[PDB]
file data04.pdb (PDB, C-alpha atoms)
ATOM      1  CA  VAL A   8    -297.495-104.680  23.090  1.00  0.00           C
ATOM      2  CA  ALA A   9    -294.997-103.297  25.424  1.00  0.00           C
ATOM      3  CA  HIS A  10    -291.646-101.446  25.409  1.00  0.00           C
ATOM      4  CA  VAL A  11    -288.655-103.093  26.896  1.00  0.00           C
ATOM      5  CA  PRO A  12    -286.964-100.839  29.392  1.00  0.00           C
ATOM      6  CA  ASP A  13    -283.336 -99.807  29.221  1.00  0.00           C
ATOM      7  CA  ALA A  14    -280.403-100.578  31.543  1.00  0.00           C
ATOM      8  CA  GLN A  15    -281.700 -98.063  34.035  1.00  0.00           C
ATOM      9  CA  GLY A  16    -285.503 -98.613  33.834  1.00  0.00           C
ATOM     10  CA  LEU A  17    -286.355 -95.670  31.507  1.00  0.00           C
ATOM     11  CA  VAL A  18    -288.698 -96.261  28.608  1.00  0.00           C
ATOM     12  CA  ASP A  19    -288.723 -94.398  25.352  1.00  0.00           C
ATOM     13  CA  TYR A  20    -292.430 -93.396  24.879  1.00  0.00           C
ATOM     14  CA  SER A  21    -293.212 -90.962  22.116  1.00  0.00           C
ATOM     15  CA  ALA A  22    -295.664 -88.047  21.819  1.00  0.00           C
ATOM     16  CA  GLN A  23    -298.744 -89.863  20.835  1.00  0.00           C
ATOM     17  CA  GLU A  24    -298.584 -92.384  23.624  1.00  0.00           C
ATOM     18  CA  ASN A  25    -298.086 -89.419  25.914  1.00  0.00           C
ATOM     19  CA  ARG A  26    -301.164 -87.487  24.527  1.00  0.00           C
ATOM     20  CA  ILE A  27    -303.531 -90.442  25.291  1.00  0.00           C
ATOM     21  CA  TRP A  28    -302.026 -90.646  28.802  1.00  0.00           C
ATOM     22  CA  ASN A  29    -302.749 -86.991  28.909  1.00  0.00           C
ATOM     23  CA  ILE A  30    -306.354 -87.201  27.659  1.00  0.00           C
ATOM     24  CA  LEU A  31    -307.013 -90.085  30.097  1.00  0.00           C
ATOM     25  CA  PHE A  32    -305.397 -88.249  32.950  1.00  0.00           C
ATOM     26  CA  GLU A  33    -307.044 -84.863  32.371  1.00  0.00           C
ATOM     27  CA  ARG A  34    -310.553 -86.294  32.211  1.00  0.00           C
ATOM     28  CA  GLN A  35    -310.382 -88.623  35.219  1.00  0.00           C
ATOM     29  CA  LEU A  36    -308.821 -85.895  37.317  1.00  0.00           C
ATOM     30  CA  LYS A  37    -311.975 -83.741  36.916  1.00  0.00           C
ATOM     31  CA  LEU A  38    -314.334 -86.422  38.231  1.00  0.00           C
ATOM     32  CA  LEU A  39    -312.347 -87.448  41.328  1.00  0.00           C
ATOM     33  CA  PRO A  40    -313.244 -84.726  43.871  1.00  0.00           C
ATOM     34  CA  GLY A  41    -316.565 -86.036  45.261  1.00  0.00           C
ATOM     35  CA  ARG A  42    -315.957 -89.683  44.282  1.00  0.00           C
ATOM     36  CA  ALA A  43    -312.489 -91.149  45.071  1.00  0.00           C
ATOM     37  CA  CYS A  44    -311.540 -91.798  48.705  1.00  0.00           C
ATOM     38  CA  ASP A  45    -309.130 -89.482  50.499  1.00  0.00           C
ATOM     39  CA  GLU A  46    -306.397 -92.135  50.441  1.00  0.00           C
ATOM     40  CA  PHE A  47    -306.580 -92.331  46.627  1.00  0.00           C
ATOM     41  CA  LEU A  48    -306.452 -88.520  46.379  1.00  0.00           C
ATOM     42  CA  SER A  49    -303.219 -88.325  48.365  1.00  0.00           C
ATOM     43  CA  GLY A  50    -301.638 -91.525  46.857  1.00  0.00           C
ATOM     44  CA  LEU A  51    -301.825 -89.766  43.464  1.00  0.00           C
ATOM     45  CA  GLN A  52    -300.025 -86.756  44.862  1.00  0.00           C
ATOM     46  CA  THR A  53    -297.522 -88.861  46.752  1.00  0.00           C
ATOM     47  CA  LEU A  54    -296.808 -90.838  43.598  1.00  0.00           C
ATOM     48  CA  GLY A  55    -295.915 -87.806  41.506  1.00  0.00           C
ATOM     49  CA  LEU A  56    -298.294 -88.534  38.670  1.00  0.00           C
ATOM     50  CA  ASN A  57    -297.956 -85.826  35.958  1.00  0.00           C
ATOM     51  CA  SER A  58    -300.940 -85.086  33.597  1.00  0.00           C
ATOM     52  CA  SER A  59    -298.488 -84.730  30.742  1.00  0.00           C
ATOM     53  CA  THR A  60    -296.237 -87.742  30.180  1.00  0.00           C
ATOM     54  CA  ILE A  61    -296.485 -91.441  31.034  1.00  0.00           C
ATOM     55  CA  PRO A  62    -294.376 -91.899  34.219  1.00  0.00           C
ATOM     56  CA  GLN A  63    -290.988 -93.663  34.417  1.00  0.00           C
ATOM     57  CA  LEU A  64    -291.287 -96.604  36.819  1.00  0.00           C
ATOM     58  CA  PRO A  65    -288.095 -96.032  38.875  1.00  0.00           C
ATOM     59  CA  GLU A  66    -289.211 -92.675  40.297  1.00  0.00           C
ATOM     60  CA  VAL A  67    -292.781 -93.933  40.874  1.00  0.00           C
ATOM     61  CA  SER A  68    -291.432 -97.037  42.525  1.00  0.00           C
ATOM     62  CA  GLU A  69    -289.004 -95.141  44.744  1.00  0.00           C
ATOM     63  CA  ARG A  70    -291.959 -93.091  45.996  1.00  0.00           C
ATOM     64  CA  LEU A  71    -294.259 -96.073  46.626  1.00  0.00           C
ATOM     65  CA  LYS A  72    -291.512 -97.942  48.457  1.00  0.00           C
ATOM     66  CA  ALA A  73    -290.873 -95.158  50.888  1.00  0.00           C
ATOM     67  CA  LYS A  74    -294.583 -95.176  51.919  1.00  0.00           C
ATOM     68  CA  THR A  75    -295.147 -98.989  52.333  1.00  0.00           C
ATOM     69  CA  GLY A  76    -292.359-101.131  50.901  1.00  0.00           C
ATOM     70  CA  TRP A  77    -294.137-101.630  47.591  1.00  0.00           C
ATOM     71  CA  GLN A  78    -292.570-101.187  44.175  1.00  0.00           C
ATOM     72  CA  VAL A  79    -293.629-101.365  40.556  1.00  0.00           C
ATOM     73  CA  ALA A  80    -292.261-103.946  38.114  1.00  0.00           C
ATOM     74  CA  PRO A  81    -292.397-103.585  34.381  1.00  0.00           C
ATOM     75  CA  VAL A  82    -294.048-106.557  32.638  1.00  0.00           C
ATOM     76  CA  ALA A  83    -295.464-107.641  29.144  1.00  0.00           C
ATOM     77  CA  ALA A  84    -299.102-107.137  28.072  1.00  0.00           C
ATOM     78  CA  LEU A  85    -300.607-110.470  28.965  1.00  0.00           C
ATOM     79  CA  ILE A  86    -299.454-111.848  32.203  1.00  0.00           C
ATOM     80  CA  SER A  87    -301.088-114.824  33.868  1.00  0.00           C
ATOM     81  CA  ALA A  88    -303.159-115.028  37.024  1.00  0.00           C
ATOM     82  CA  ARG A  89    -300.298-116.844  38.740  1.00  0.00           C
ATOM     83  CA  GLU A  90    -297.680-114.247  37.575  1.00  0.00           C
ATOM     84  CA  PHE A  91    -299.827-111.386  38.946  1.00  0.00           C
ATOM     85  CA  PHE A  92    -300.211-112.999  42.339  1.00  0.00           C
ATOM     86  CA  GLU A  93    -296.540-114.097  42.564  1.00  0.00           C
ATOM     87  CA  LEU A  94    -295.567-110.441  42.052  1.00  0.00           C
ATOM     88  CA  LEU A  95    -298.042-108.960  44.536  1.00  0.00           C
ATOM     89  CA  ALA A  96    -296.716-111.591  46.959  1.00  0.00           C
ATOM     90  CA  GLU A  97    -293.133-110.172  46.826  1.00  0.00           C
ATOM     91  CA  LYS A  98    -294.613-106.553  47.104  1.00  0.00           C
ATOM     92  CA  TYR A  99    -294.247-105.592  43.398  1.00  0.00           C
ATOM     93  CA  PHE A 100    -297.228-104.112  41.433  1.00  0.00           C
ATOM     94  CA  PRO A 101    -297.003-105.095  37.802  1.00  0.00           C
ATOM     95  CA  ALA A 102    -297.030-102.354  35.228  1.00  0.00           C
ATOM     96  CA  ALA A 103    -297.296-103.225  31.562  1.00  0.00           C
ATOM     97  CA  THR A 104    -295.428-100.697  29.527  1.00  0.00           C
ATOM     98  CA  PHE A 105    -297.993 -99.931  26.855  1.00  0.00           C
ATOM     99  CA  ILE A 106    -301.035 -97.677  26.858  1.00  0.00           C
ATOM    100  CA  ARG A 107    -304.412 -98.232  25.248  1.00  0.00           C
ATOM    101  CA  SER A 108    -304.974 -96.906  21.724  1.00  0.00           C
ATOM    102  CA  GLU A 109    -306.927 -93.795  20.580  1.00  0.00           C
ATOM    103  CA  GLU A 110    -309.747 -96.142  19.429  1.00  0.00           C
ATOM    104  CA  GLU A 111    -309.715 -97.980  22.790  1.00  0.00           C
ATOM    105  CA  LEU A 112    -310.164 -95.008  25.104  1.00  0.00           C
ATOM    106  CA  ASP A 113    -313.428 -95.455  26.990  1.00  0.00           C
ATOM    107  CA  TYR A 114    -313.713 -99.231  27.663  1.00  0.00           C
ATOM    108  CA  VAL A 115    -310.709-101.628  27.507  1.00  0.00           C
ATOM    109  CA  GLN A 116    -310.473-105.270  28.720  1.00  0.00           C
ATOM    110  CA  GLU A 117    -306.644-105.637  28.603  1.00  0.00           C
ATOM    111  CA  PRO A 118    -305.240-103.471  31.483  1.00  0.00           C
ATOM    112  CA  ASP A 119    -302.620-100.880  30.519  1.00  0.00           C
ATOM    113  CA  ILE A 120    -300.159 -98.466  32.270  1.00  0.00           C
ATOM    114  CA  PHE A 121    -303.069 -96.086  32.986  1.00  0.00           C
ATOM    115  CA  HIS A 122    -305.249 -98.828  34.591  1.00  0.00           C
ATOM    116  CA  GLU A 123    -302.188 -99.683  36.727  1.00  0.00           C
ATOM    117  CA  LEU A 124    -300.281 -96.588  37.698  1.00  0.00           C
ATOM    118  CA  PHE A 125    -303.359 -94.372  37.867  1.00  0.00           C
ATOM    119  CA  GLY A 126    -306.097 -96.744  39.153  1.00  0.00           C
ATOM    120  CA  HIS A 127    -304.308 -99.092  41.464  1.00  0.00           C
ATOM    121  CA  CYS A 128    -300.934 -97.906  42.710  1.00  0.00           C
ATOM    122  CA  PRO A 129    -302.193 -94.800  44.468  1.00  0.00           C
ATOM    123  CA  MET A 130    -304.124 -96.915  47.091  1.00  0.00           C
ATOM    124  CA  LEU A 131    -300.931 -98.903  47.754  1.00  0.00           C
ATOM    125  CA  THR A 132    -299.525 -95.831  49.428  1.00  0.00           C
ATOM    126  CA  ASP A 133    -301.992 -96.480  52.455  1.00  0.00           C
ATOM    127  CA  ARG A 134    -300.448 -98.795  54.929  1.00  0.00           C
ATOM    128  CA  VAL A 135    -303.322-100.992  55.955  1.00  0.00           C
ATOM    129  CA  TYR A 136    -304.419-101.266  52.375  1.00  0.00           C
ATOM    130  CA  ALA A 137    -300.934-102.145  51.114  1.00  0.00           C
ATOM    131  CA  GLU A 138    -300.617-104.774  53.786  1.00  0.00           C
ATOM    132  CA  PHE A 139    -304.007-106.275  52.926  1.00  0.00           C
ATOM    133  CA  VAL A 140    -303.170-106.515  49.231  1.00  0.00           C
ATOM    134  CA  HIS A 141    -299.928-108.287  50.067  1.00  0.00           C
ATOM    135  CA  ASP A 142    -301.361-110.652  52.610  1.00  0.00           C
ATOM    136  CA  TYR A 143    -304.186-111.361  50.241  1.00  0.00           C
ATOM    137  CA  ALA A 144    -301.806-112.310  47.362  1.00  0.00           C
ATOM    138  CA  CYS A 145    -299.691-114.394  49.711  1.00  0.00           C
ATOM    139  CA  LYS A 146    -302.587-116.376  50.967  1.00  0.00           C
ATOM    140  CA  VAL A 147    -303.775-117.043  47.398  1.00  0.00           C
ATOM    141  CA  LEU A 148    -300.933-119.741  47.500  1.00  0.00           C
ATOM    142  CA  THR A 149    -301.788-121.824  50.352  1.00  0.00           C
ATOM    143  CA  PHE A 150    -304.702-122.293  48.004  1.00  0.00           C
ATOM    144  CA  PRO A 151    -304.994-124.663  45.088  1.00  0.00           C
ATOM    145  CA  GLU A 152    -306.032-123.407  41.602  1.00  0.00           C
ATOM    146  CA  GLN A 153    -309.487-124.926  42.232  1.00  0.00           C
ATOM    147  CA  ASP A 154    -310.127-122.063  44.726  1.00  0.00           C
ATOM    148  CA  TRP A 155    -308.767-119.127  42.771  1.00  0.00           C
ATOM    149  CA  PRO A 156    -311.951-118.421  41.055  1.00  0.00           C
ATOM    150  CA  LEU A 157    -313.655-117.580  44.393  1.00  0.00           C
ATOM    151  CA  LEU A 158    -310.480-115.807  45.536  1.00  0.00           C
ATOM    152  CA  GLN A 159    -310.606-113.855  42.249  1.00  0.00           C
ATOM    153  CA  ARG A 160    -314.271-113.064  42.828  1.00  0.00           C
ATOM    154  CA  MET A 161    -313.393-111.491  46.227  1.00  0.00           C
ATOM    155  CA  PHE A 162    -310.530-109.589  44.722  1.00  0.00           C
ATOM    156  CA  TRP A 163    -312.946-108.128  42.105  1.00  0.00           C
ATOM    157  CA  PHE A 164    -315.339-106.865  44.805  1.00  0.00           C
ATOM    158  CA  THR A 165    -312.567-105.190  46.845  1.00  0.00           C
ATOM    159  CA  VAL A 166    -309.310-104.201  45.076  1.00  0.00           C
ATOM    160  CA  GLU A 167    -311.122-103.541  41.784  1.00  0.00           C
ATOM    161  CA  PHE A 168    -314.726-102.386  42.497  1.00  0.00           C
ATOM    162  CA  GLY A 169    -315.068-101.659  46.173  1.00  0.00           C
ATOM    163  CA  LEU A 170    -316.678 -98.628  47.815  1.00  0.00           C
ATOM    164  CA  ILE A 171    -316.122 -97.202  51.291  1.00  0.00           C
ATOM    165  CA  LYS A 172    -318.886 -95.506  53.230  1.00  0.00           C
ATOM    166  CA  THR A 173    -317.044 -92.606  54.934  1.00  0.00           C
ATOM    167  CA  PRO A 174    -318.210 -89.921  57.362  1.00  0.00           C
ATOM    168  CA  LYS A 175    -318.462 -87.484  54.438  1.00  0.00           C
ATOM    169  CA  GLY A 176    -320.271 -90.161  52.376  1.00  0.00           C
ATOM    170  CA  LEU A 177    -319.853 -93.026  49.913  1.00  0.00           C
ATOM    171  CA  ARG A 178    -316.506 -93.038  48.013  1.00  0.00           C
ATOM    172  CA  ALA A 179    -314.755 -95.441  45.852  1.00  0.00           C
ATOM    173  CA  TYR A 180    -311.365 -97.209  46.440  1.00  0.00           C
ATOM    174  CA  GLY A 181    -311.591 -99.708  43.654  1.00  0.00           C
ATOM    175  CA  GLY A 182    -308.870 -99.355  41.052  1.00  0.00           C
ATOM    176  CA  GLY A 183    -311.233-100.652  38.430  1.00  0.00           C
ATOM    177  CA  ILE A 184    -313.562 -97.819  39.186  1.00  0.00           C
ATOM    178  CA  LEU A 185    -311.033 -95.030  39.531  1.00  0.00           C
ATOM    179  CA  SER A 186    -309.387 -95.722  36.163  1.00  0.00           C
ATOM    180  CA  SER A 187    -312.697 -95.641  34.160  1.00  0.00           C
ATOM    181  CA  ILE A 188    -314.729 -92.453  33.575  1.00  0.00           C
ATOM    182  CA  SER A 189    -318.046 -94.372  33.352  1.00  0.00           C
ATOM    183  CA  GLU A 190    -317.691 -96.432  36.491  1.00  0.00           C
ATOM    184  CA  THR A 191    -316.368 -93.392  38.514  1.00  0.00           C
ATOM    185  CA  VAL A 192    -319.584 -91.408  38.147  1.00  0.00           C
ATOM    186  CA  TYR A 193    -322.061 -94.332  38.155  1.00  0.00           C
ATOM    187  CA  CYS A 194    -320.595 -96.143  41.218  1.00  0.00           C
ATOM    188  CA  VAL A 195    -321.588 -93.576  43.720  1.00  0.00           C
ATOM    189  CA  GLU A 196    -324.352 -91.574  41.903  1.00  0.00           C
ATOM    190  CA  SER A 197    -326.649 -94.002  40.058  1.00  0.00           C
ATOM    191  CA  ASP A 198    -329.825 -95.476  41.479  1.00  0.00           C
ATOM    192  CA  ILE A 199    -329.285 -98.640  39.546  1.00  0.00           C
ATOM    193  CA  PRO A 200    -326.598-100.667  41.414  1.00  0.00           C
ATOM    194  CA  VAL A 201    -327.220-102.511  44.563  1.00  0.00           C
ATOM    195  CA  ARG A 202    -324.731-101.527  47.285  1.00  0.00           C
ATOM    196  CA  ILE A 203    -324.274-104.303  49.904  1.00  0.00           C
ATOM    197  CA  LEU A 204    -322.505-104.219  53.410  1.00  0.00           C
ATOM    198  CA  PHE A 205    -319.184-105.833  52.937  1.00  0.00           C
ATOM    199  CA  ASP A 206    -319.277-109.328  54.383  1.00  0.00           C
ATOM    200  CA  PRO A 207    -316.906-112.120  53.349  1.00  0.00           C
ATOM    201  CA  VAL A 208    -319.332-114.925  52.789  1.00  0.00           C
ATOM    202  CA  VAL A 209    -321.702-112.877  50.601  1.00  0.00           C
ATOM    203  CA  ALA A 210    -318.983-111.497  48.359  1.00  0.00           C
ATOM    204  CA  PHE A 211    -317.937-115.157  47.902  1.00  0.00           C
ATOM    205  CA  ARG A 212    -321.485-116.001  46.885  1.00  0.00           C
ATOM    206  CA  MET A 213    -321.819-113.125  44.361  1.00  0.00           C
ATOM    207  CA  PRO A 214    -321.231-113.801  40.665  1.00  0.00           C
ATOM    208  CA  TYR A 215    -319.911-111.106  38.254  1.00  0.00           C
ATOM    209  CA  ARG A 216    -319.428-109.975  34.629  1.00  0.00           C
ATOM    210  CA  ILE A 217    -316.200-108.313  33.492  1.00  0.00           C
ATOM    211  CA  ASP A 218    -317.378-106.145  30.567  1.00  0.00           C
ATOM    212  CA  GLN A 219    -320.317-104.093  31.901  1.00  0.00           C
ATOM    213  CA  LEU A 220    -320.961-101.433  34.521  1.00  0.00           C
ATOM    214  CA  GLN A 221    -321.211-103.338  37.797  1.00  0.00           C
ATOM    215  CA  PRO A 222    -324.778-103.984  39.127  1.00  0.00           C
ATOM    216  CA  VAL A 223    -323.566-104.791  42.620  1.00  0.00           C
ATOM    217  CA  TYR A 224    -320.911-103.113  44.723  1.00  0.00           C
ATOM    218  CA  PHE A 225    -319.690-104.149  48.218  1.00  0.00           C
ATOM    219  CA  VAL A 226    -319.246-101.414  50.892  1.00  0.00           C
ATOM    220  CA  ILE A 227    -316.550-101.310  53.545  1.00  0.00           C
ATOM    221  CA  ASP A 228    -316.449 -98.833  56.490  1.00  0.00           C
ATOM    222  CA  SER A 229    -312.691 -99.050  56.888  1.00  0.00           C
ATOM    223  CA  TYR A 230    -309.759-100.774  55.175  1.00  0.00           C
ATOM    224  CA  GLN A 231    -309.402-102.509  58.541  1.00  0.00           C
ATOM    225  CA  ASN A 232    -312.464-104.601  57.370  1.00  0.00           C
ATOM    226  CA  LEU A 233    -310.367-106.082  54.540  1.00  0.00           C
ATOM    227  CA  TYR A 234    -307.417-106.527  56.897  1.00  0.00           C
ATOM    228  CA  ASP A 235    -309.392-108.521  59.550  1.00  0.00           C
ATOM    229  CA  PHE A 236    -310.826-110.613  56.762  1.00  0.00           C
ATOM    230  CA  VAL A 237    -307.478-111.916  55.509  1.00  0.00           C
ATOM    231  CA  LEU A 238    -305.949-112.287  59.010  1.00  0.00           C
ATOM    232  CA  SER A 239    -308.950-114.616  59.555  1.00  0.00           C
ATOM    233  CA  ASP A 240    -309.002-117.983  57.763  1.00  0.00           C
ATOM    234  CA  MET A 241    -310.428-117.635  54.326  1.00  0.00           C
ATOM    235  CA  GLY A 242    -311.049-121.279  53.414  1.00  0.00           C
ATOM    236  CA  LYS A 243    -313.751-121.328  56.039  1.00  0.00           C
ATOM    237  CA  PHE A 244    -315.555-118.315  54.530  1.00  0.00           C
ATOM    238  CA  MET A 245    -315.117-119.890  51.106  1.00  0.00           C
ATOM    239  CA  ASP A 246    -316.607-123.256  52.180  1.00  0.00           C
ATOM    240  CA  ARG A 247    -319.813-121.962  53.647  1.00  0.00           C
ATOM    241  CA  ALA A 248    -320.075-119.735  50.720  1.00  0.00           C
ATOM    242  CA  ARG A 249    -320.192-123.070  48.797  1.00  0.00           C
ATOM    243  CA  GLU A 250    -322.567-124.864  51.172  1.00  0.00           C
ATOM    244  CA  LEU A 251    -325.058-121.989  50.930  1.00  0.00           C
ATOM    245  CA  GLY A 252    -325.523-121.597  47.152  1.00  0.00           C
ATOM    246  CA  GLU A 253    -324.096-119.123  44.636  1.00  0.00           C
ATOM    247  CA  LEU A 254    -326.634-116.296  44.406  1.00  0.00           C
ATOM    248  CA  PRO A 255    -328.567-115.494  41.180  1.00  0.00           C
ATOM    249  CA  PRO A 256    -327.016-112.711  39.021  1.00  0.00           C
ATOM    250  CA  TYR A 257    -328.592-109.230  38.903  1.00  0.00           C
ATOM    251  CA  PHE A 258    -327.072-108.722  35.428  1.00  0.00           C
ATOM    252  CA  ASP A 259    -327.418-110.953  32.366  1.00  0.00           C
TER
END

call {"tool": "encode", "arguments": {"input": "data04.pdb", "output": "structure tokens"}}
result
Amino acid sequence: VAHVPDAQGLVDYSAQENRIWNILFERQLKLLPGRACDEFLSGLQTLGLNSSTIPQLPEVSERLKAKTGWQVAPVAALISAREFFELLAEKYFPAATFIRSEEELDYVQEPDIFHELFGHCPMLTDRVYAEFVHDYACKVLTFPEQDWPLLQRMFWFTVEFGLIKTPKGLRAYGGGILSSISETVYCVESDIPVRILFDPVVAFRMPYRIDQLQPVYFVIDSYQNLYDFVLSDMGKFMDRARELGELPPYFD
């Protein structure tokens, strides 16, 4: 459960909440160097993220906005799929104003202010990415609830768990990877996962499990790949994905 912010956006966190931010921050920072994409590296710097206190949203927002028109909006712990996408649509990234507990450090299903401000926001400082996230949200109206599961599949294999094969090698952009210490090493160093060439139809055909280290990642060679995809008519990729069948899981 979350804090409710004051007249002017500020939120009264105390020491313990701050230490956990700190332990989370300190340990992810170490692993980033050969693993996160350059754009993530600099987004973090651009966003002013201290390894010491939980940020105040106004300042973070102000910084995001000046890079790409995005902002951060404070919300409660359990917002709905619709509320998430309605916010992304108006260029606001939702930030729940609580942090995971000491006991819930390593794995955590309910996304907190670390998951958000550390894992996701920093990639929203890259212009083509920020524009793809926004267009993507927007187009998820236009679509009926019957199609959001496939749209939420695609989101999982890009915004959350996507990799980018760069000239200096494989890196990760996914905010679900970059906020977890386990994923961040595994995603680009293990011989277990299958890494597939990002293609819209095949991501739509790929099933997934939330709580588990991902057995399949999709690889992009430029954020422009995600941009062309959503400036092209989804709908058509989605049907097609349905006429060929859902693939069999690699997990169980």

call {"tool": "resolve_selection", "arguments": {"input": "data04.pdb", "expression": "the PyMOL selection byres ((chain A and resi 165-181) around 8)", "output": "PyMOL selection string"}}
result
chain A and resi 41-44+47+126-127+130+140+161-164+182-185+191+194-195+224-229

call {"tool": "closest_residue", "arguments": {"input": "data04.pdb", "among": "A:199, A:36, A:128, A:120", "to": "residue 77 (chain A)", "atoms": "all atoms listed in the file"}}
result
A:128

call {"tool": "closest_residue", "arguments": {"input": "data04.pdb", "among": "A:99, A:125, A:244, A:114", "to": "residue 207 (chain A)", "atoms": "all atoms listed in the file"}}
result
A:244

call {"tool": "resolve_selection", "arguments": {"input": "data04.pdb", "expression": "the PyMOL selection byres ((chain A and resi 53) around 12)", "output": "PyMOL selection string"}}
result
chain A and resi 46-52+54-57+66-75+125+128-133

call {"tool": "atom_distance", "arguments": {"input": "data04.pdb", "atom1": "CA of residue 236 (chain A)", "atom2": "CA of residue 220 (chain A)"}}
result
26.1 Å

call {"tool": "residues_around", "arguments": {"input": "data04.pdb", "residues": "residue 113 (chain A)", "least_positions_apart": "4", "cutoff": "9 Å", "atoms": "all atoms listed in the file", "output": "PyMOL selection string"}}
result
chain A and resi 31+187-189

call {"tool": "closest_residue", "arguments": {"input": "data04.pdb", "among": "A:17, A:204, A:106, A:135", "to": "residue 83 (chain A)", "atoms": "all atoms listed in the file"}}
result
A:106

call {"tool": "atom_distance", "arguments": {"input": "data04.pdb", "atom1": "CA of residue 123 (chain A)", "atom2": "CA of residue 37 (chain A)"}}
result
18.7 Å

call {"tool": "atom_distance", "arguments": {"input": "data04.pdb", "atom1": "CA of residue 253 (chain A)", "atom2": "CA of residue 136 (chain A)"}}
result
27.7 Å

call {"tool": "axis_aligned_box", "arguments": {"input": "data04.pdb", "around": "region 123-128 of chain A", "padding_each_side": "6 Å", "output": "JSON"}}
result
{"center_x": -303.2, "center_y": -97.0, "center_z": 39.7, "size_x": 17.8, "size_y": 17.3, "size_z": 18.0}

call {"tool": "residues_around", "arguments": {"input": "data04.pdb", "residues": "region 9-15 of chain A", "least_positions_apart": "2", "cutoff": "12 Å", "atoms": "only C-alpha atoms", "output": "list in words"}}
result
residues 17, 18, 19, 20, 21, 24, 63, 64, 65, 66, 80, 81, 82, 83, 84, 85, 86, 102, 103, 104, 105, 106, 107, 118, 119 and 120 of chain A

call {"tool": "resolve_selection", "arguments": {"input": "data04.pdb", "expression": "the PyMOL selection byres ((chain A and resi 252) around 12)", "output": "VMD selection string"}}
result
chain A and resid 208 to 209 211 to 214 245 to 251 253 to 255

call {"tool": "build_atoms", "arguments": {"input": "data04.pdb", "residues": "region 221-236 of chain A", "atoms": "N, CA and C atoms", "output": "short mmCIF file (atom, residue, chain, number, x, y, z; two decimals), in the coordinates of the input"}}
result
data_model
loop_
_atom_site.label_atom_id
_atom_site.label_comp_id
_atom_site.auth_asym_id
_atom_site.auth_seq_id
_atom_site.Cartn_x
_atom_site.Cartn_y
_atom_site.Cartn_z
N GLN A 221 -320.88 -102.38 36.75
CA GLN A 221 -321.21 -103.34 37.80
C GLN A 221 -322.60 -103.09 38.43
N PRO A 222 -323.44 -104.13 38.59
CA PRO A 222 -324.78 -103.98 39.13
C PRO A 222 -324.86 -104.19 40.63
N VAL A 223 -323.71 -104.57 41.20
CA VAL A 223 -323.57 -104.79 42.62
C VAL A 223 -322.19 -104.27 43.06
N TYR A 224 -322.13 -103.40 44.07
CA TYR A 224 -320.91 -103.11 44.72
C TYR A 224 -321.00 -103.48 46.19
N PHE A 225 -319.83 -103.89 46.77
CA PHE A 225 -319.69 -104.15 48.22
C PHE A 225 -319.02 -102.99 49.01
N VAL A 226 -319.64 -102.58 50.12
CA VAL A 226 -319.25 -101.41 50.89
C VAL A 226 -318.59 -101.69 52.24
N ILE A 227 -317.44 -101.09 52.38
CA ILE A 227 -316.55 -101.31 53.54
C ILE A 227 -316.68 -100.03 54.39
N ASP A 228 -316.45 -100.06 55.69
CA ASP A 228 -316.45 -98.83 56.49
C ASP A 228 -315.05 -98.50 56.99
N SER A 229 -314.07 -99.24 56.53
CA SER A 229 -312.69 -99.05 56.89
C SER A 229 -311.90 -100.15 56.20
N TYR A 230 -310.73 -99.79 55.70
CA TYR A 230 -309.76 -100.77 55.18
C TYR A 230 -309.38 -101.85 56.19
N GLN A 231 -309.45 -101.49 57.45
CA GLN A 231 -309.40 -102.51 58.54
C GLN A 231 -310.39 -103.68 58.33
N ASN A 232 -311.51 -103.46 57.63
CA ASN A 232 -312.46 -104.60 57.37
C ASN A 232 -311.82 -105.66 56.50
N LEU A 233 -311.09 -105.19 55.48
CA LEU A 233 -310.37 -106.08 54.54
C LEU A 233 -309.19 -106.73 55.24
N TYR A 234 -308.49 -105.97 56.08
CA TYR A 234 -307.42 -106.53 56.90
C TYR A 234 -307.87 -107.65 57.88
N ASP A 235 -308.93 -107.44 58.67
CA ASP A 235 -309.39 -108.52 59.55
C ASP A 235 -309.79 -109.75 58.76
N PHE A 236 -310.35 -109.53 57.58
CA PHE A 236 -310.83 -110.61 56.76
C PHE A 236 -309.68 -111.57 56.40
#
